[PDB]
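These are the residues of each chain, in order.
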Amino acid sequence: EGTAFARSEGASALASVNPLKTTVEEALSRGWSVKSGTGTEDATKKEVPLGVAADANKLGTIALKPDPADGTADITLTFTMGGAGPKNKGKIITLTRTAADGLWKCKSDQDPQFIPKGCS
């Protein structure tokens, strides 16, 4: 049947993007923007790279939008599960930081029985 396994893939995806929230929050608290890349923060543009490669987790890809993001618009960290097994192939976990409140919400478009703890 494989329900726990499909939830575990969602949890893996979530576990790749969740640590990026702190790096987003810290950058924005300083008035720096956040961008994709795996170098270090660049004071010329005041851009902090997220520090992970798009392909860091072989279940799929990680993407930041907008890129660069300055906190004056909604920010998404997505995990697109292009490398997952049959239940989850093509499914997407999105963390959205809404600019109006500065708070994060998780959503998943997985078939609902496979949505992991800590997303909805």
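Procedures and definitions
Residues numbered from 1 in each chain as written, not as in the entry; some residues may be left out. Heavy atoms only, no water. Helix = DSSP H or I, 4+ residues; strand = E, 2+ residues; numbered from the N terminus. Buried < 20%, exposed > 50% of the residue type's maximum accessible area, 1.4 Å probe, protein only. Polar contact = N/O pair within 3.5 Å; in protein donor to acceptor, adjacent residues only side chain to side chain. Contact = heavy atoms within 4.5 Å. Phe/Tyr/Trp six-rings, centres within 6.5 Å; stacked < 30°, edge-to-face > 60°. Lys NZ or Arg CZ within 6 Å of the ring centre and 35° of its normal. Core = buried A, V, L, I, M, F, W, Y, C linked by side-chain atoms within 4.5 Å. Pairing = 2+ DSSP bridges.

The record names X-ray crystallography as the way this model was obtained, at a resolution of 1.350 Å.

J.: How do you make sense of the side chain of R97 when you look at a structure like this?
T.: By secondary structure assignment, the location of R97 is in strand β5 (residues 91-98). A relative accessible area of 10% places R97 in the buried class. Polar contacts involving the side chain of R97 include one to the side chain of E25, which spans 2.8 Å. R97 has contacts with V24, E25, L28, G71, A73, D74, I75, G102, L103 and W104, leaving out every residue within four places of it along the chain.

J.: Looking at this structure, how should I read the packing of aromatic side chains?
T.: Both the distance between ring centres and the angle between the ring planes are used here to describe each pair of aromatic rings. Taken as a whole and judged by the stated rule, the model has zero aromatic pairs. For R30, the ring lying beneath its charged end belongs to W32, and the centroid distance is 4.3 Å.

J.: Sorry if this is basic, but what is going on with the nonpolar core here?
T.: The biggest cluster of nonpolar side chains holds 23 residues, and the ones touching the most others in it are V17, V24, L50, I75, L77, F79 and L95. Of all the secondary-structure elements, those providing two or more residues to this core are α1 (3-17), α2 (20-29), β3 (61-65), β4 (75-81), β5 and β6 (103-108). Looking at which element gives the most residues to this core, the answer is β4, with four residues. Here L95 is in contact with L14, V17, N18, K21, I75, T76, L77, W104, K105 and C106, once residues within four sequence places are set aside.

J.: In this structure, what is going on with the pairing of β5? I would like to understand it.
T.: If a strand is regular, its side chains alternate between the two faces of the sheet. The buried fraction of β5 is high, at six of eight residues. For β4 and β5, the ladder comprises seven bridges, and the chain directions are antiparallel. Directly across from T78, in β5, lies its bridge partner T94. Looking at chain direction, β5 and β6 are connected through six bridges and run antiparallel. Its bridge partner being in β6, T94 is matched across the sheet by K107.

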